[PDB]
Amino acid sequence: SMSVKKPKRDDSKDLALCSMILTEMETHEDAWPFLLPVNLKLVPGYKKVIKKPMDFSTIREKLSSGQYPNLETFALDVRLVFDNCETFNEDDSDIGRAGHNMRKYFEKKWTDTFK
């Protein structure tokens, strides 16, 4: 609270580390469903169903332009990518499996980097 602070965590490397993790996500062989935004004019249902579209290239543009105020908000967008994927894809499909794989991939990198 006021004048009562926890010891300051050094966050000076967070931006670089998030960029690193995002690069690993981007280069994963199962990243292809998530690299670019879904074309809302070509994919039936997506615009009405998915209230907050997100993809790696958008995350990258936000990261590169200071639109994440902290670690937590970066992770939220990354997880949003896979939450959307689950909403729109059967688990038993190529894209469904990709999402599950990439989520697991992210969460371990996330833990190994900060936890």
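For clarity, a rigid core is taken as the largest C-alpha set superposing within 1.5 Å between two forms. In case it trips you up, residue 1 is the first one in the sequence shown, and so on.
Displacement analysis by core superposition in 8 other deposited structures of this protein ranks 7-15 above the other of 87-95 and 7-15 in root-mean-square C-alpha distance from the shown form. Higher mean CA temperature factor, per the PDB entry, when comparing 3-11 with 104-112: 3-11. Once the C-alpha B-factors are averaged per stretch, 54-62 and 39-47 rank with 39-47 first.
Per the PDB record, residue ranking by Cα B-factor puts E26 in the lowest third of the chain.
Looking at the C-alpha B-factors along this chain, the one for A16 belongs to the highest third. The entry lists a Cα temperature factor for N70 that places it in the highest third of the chain's modelled residues.
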